[PDB]
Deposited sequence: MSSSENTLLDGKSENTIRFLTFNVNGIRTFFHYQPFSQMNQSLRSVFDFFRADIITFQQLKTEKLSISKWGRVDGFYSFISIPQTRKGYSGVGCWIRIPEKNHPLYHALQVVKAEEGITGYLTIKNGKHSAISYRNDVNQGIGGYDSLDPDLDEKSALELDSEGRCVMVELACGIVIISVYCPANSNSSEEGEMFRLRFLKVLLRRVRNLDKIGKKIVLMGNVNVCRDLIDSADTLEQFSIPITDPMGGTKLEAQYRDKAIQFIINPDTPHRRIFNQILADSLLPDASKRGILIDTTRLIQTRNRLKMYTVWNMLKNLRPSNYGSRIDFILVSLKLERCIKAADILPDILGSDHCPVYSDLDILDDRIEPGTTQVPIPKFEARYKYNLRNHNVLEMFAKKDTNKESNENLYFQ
């Protein structure tokens, strides 16, 4: 179970929020996200790949006892989409002032807009009281046209708490078709994201970056590559010995020039296998911290398989990454591969952290005007 006064972060690539509610035990919960969140005993939850539409936000955006922040594509339906939910504790709770949401933002670039008046619209970069900040040079040749296109697929939601913690929930592109246009989009997204994180860290923000990064960081987290190199997994807790016996191949997995995204992602992890990780990384893999590097077969995705978790198959591309200043707060971190309903499994981590501000305009009830989703609309 979870401790009494810790915040449980939960990430889950549901691969269709409507479809995941068709599996036990969630099929018994009448499509109630509140029942799901109480089932996992979670307080800050992010769901990636919602595959939803604006009409359905009247259901996923109103959760009793929670704040809802949801980002979907502007026009394309049933594609991508990220949601983040912050539990509202009671006034007599010690984490009441900590879990106060002071800001909320959509995207990584800051060029996305929020309703400002009748026909007016202002982006997050121009409003310092609503934008979280850290937009200082995310890319060398980044104009508004490319930044809006980079944020056009509903892949990021940002939430800032009163205790100075910025939660960044991402569903990074995967480039599943192996195209040149898709690979450049993937690399540009990752570089802008990690740069945005580095900017917020210099300002002094405690950063929790979690979600589906679609990047494998170490060789031991790739069932396909371990079979390609004929490396047998005999000891389920023999990860350190495997990385010592195959030190050369473990490093080649990261710095492989055919896969620069693996190198870019490792360059921000302080606990990376690269020797100079502690001199350049600022984020810590919470799951690898608690489970250690000995645990093998610690996979969070089994592509296209929602009903079974086969052996010798799968990867780990779902993470909960925290700033160095939050390493001393990690009390628990694991995965839940027995949960069915998606080709991904949930990942959770418990952190011990221990005037009024209006609700941010990006809250789902305001961003999507849920008070008007009535009969003619539905």
property: Coordinate gaps, deposited numbering; result: 1 to 10, 365 to 372, 397 to 413
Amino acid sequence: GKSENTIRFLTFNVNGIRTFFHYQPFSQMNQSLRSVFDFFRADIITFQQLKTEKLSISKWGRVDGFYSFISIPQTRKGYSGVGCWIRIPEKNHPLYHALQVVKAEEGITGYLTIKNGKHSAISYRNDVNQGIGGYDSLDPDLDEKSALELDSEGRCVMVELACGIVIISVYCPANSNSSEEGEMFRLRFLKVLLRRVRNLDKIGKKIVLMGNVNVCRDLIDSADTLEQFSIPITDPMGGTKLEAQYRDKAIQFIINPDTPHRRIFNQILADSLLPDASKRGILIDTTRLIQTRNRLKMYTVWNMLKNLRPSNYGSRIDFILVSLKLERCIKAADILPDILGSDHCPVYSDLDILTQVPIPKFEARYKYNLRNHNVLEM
From here on, numbers count along this sequence of modelled residues.
{"query": "Greater mean Cα temperature factor according to the PDB record, 10 to 18 or 357 to 365", "finding": "357 to 365"}
{"query": "Selected stretch [higher average CA B-factor]: 123 to 131 or 105 to 113", "finding": "123 to 131"}
{"query": "Member of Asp271, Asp221, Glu153, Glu243 with the greatest C-alpha B factor (per the PDB record)", "finding": "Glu243"}
{"query": "Top residue by Cα temperature factor, when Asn307, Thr75, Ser71, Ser80 are compared in the entry", "finding": "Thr75"}
{"query": "Cα B factor band for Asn199 (lowest, middle or highest third within the chain)", "finding": "middle"}
{"query": "Cα B factor band for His344 (lowest, middle or highest third within the chain)", "finding": "lowest"}
{"query": "Cα B factor band for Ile44 (lowest, middle or highest third within the chain)", "finding": "middle"}
{"query": "Third of chain Cα B-factors occupied by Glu53", "finding": "middle"}
{"query": "For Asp350, the third of its chain into which the C-alpha B factor falls", "finding": "lowest"}
